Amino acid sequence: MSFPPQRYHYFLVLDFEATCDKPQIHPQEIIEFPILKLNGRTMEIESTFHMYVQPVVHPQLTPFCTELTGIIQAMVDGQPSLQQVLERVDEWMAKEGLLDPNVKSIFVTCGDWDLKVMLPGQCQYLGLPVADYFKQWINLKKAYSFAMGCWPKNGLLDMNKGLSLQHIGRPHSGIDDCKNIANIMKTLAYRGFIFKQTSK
């Protein structure tokens, strides 16, 4: 059954980028906040939220961070901070119609880190409540492991390799990582996979 009925009207693909260094910076702060809204049945991209975020605790991006993500200082200077971006997300959700209880959506991330560690950790640091729609998600690696029967070693790169897909854009670009997640999801749906919440 190619592209079977799914349990959600929409999938929200998210992949943060955060301040970093070697050794790792502390604390890390979200600097890129992308969301791709996918049609629940076809996995086609229908809307995009994308904002760079101004870090505050460590406001200057390290050379490693800019080299890893491609995000330069001018992309985060003058941006809203996480608190305001989270308010922009809520407005975006409202306009998309995703705040209707009868519209079922779920976030999809590559790994658990984004919504199990990064966002709650920074929100706790800032004293900000985490919106309830951030508290359930699908770990694509776990989903892939049920669809393909195997554990990918290196995230999106190895999942594209397993599915014979060309990598979209630049690795460690948040928006480009989201497009790869969406492309992997589309192929898994073509193979007949029905996505399920994995977060506990």
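Quick note: we count residues from 1 along the sequence shown, nothing fancier.
The PDB entry reports B-factors from which the mean C-alpha value can be compared for 54-62 and 156-164; the larger average falls on 156-164.
For the segment pair 21-29 and 186-194, the entry gives 186-194 the higher mean B-factor, averaged over Cα atoms. Residues shown: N139, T48, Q136, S173. Highest C-alpha temperature factor in the entry: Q136. For the set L128, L82, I72, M118, the PDB entry puts the maximum C-alpha B factor at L128. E87: CA B factor in the middle third of modelled residues in this chain (values from the PDB entry). Among the modelled residues of its chain, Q124 has a C-alpha B-factor that falls in the highest third according to the deposited record. When the CA B factors of the chain's modelled residues are split into thirds, the value for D77 lands in the highest one. Residue-level temperature factors show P34 in the lowest third of its chain, judged at the C-alpha atom.
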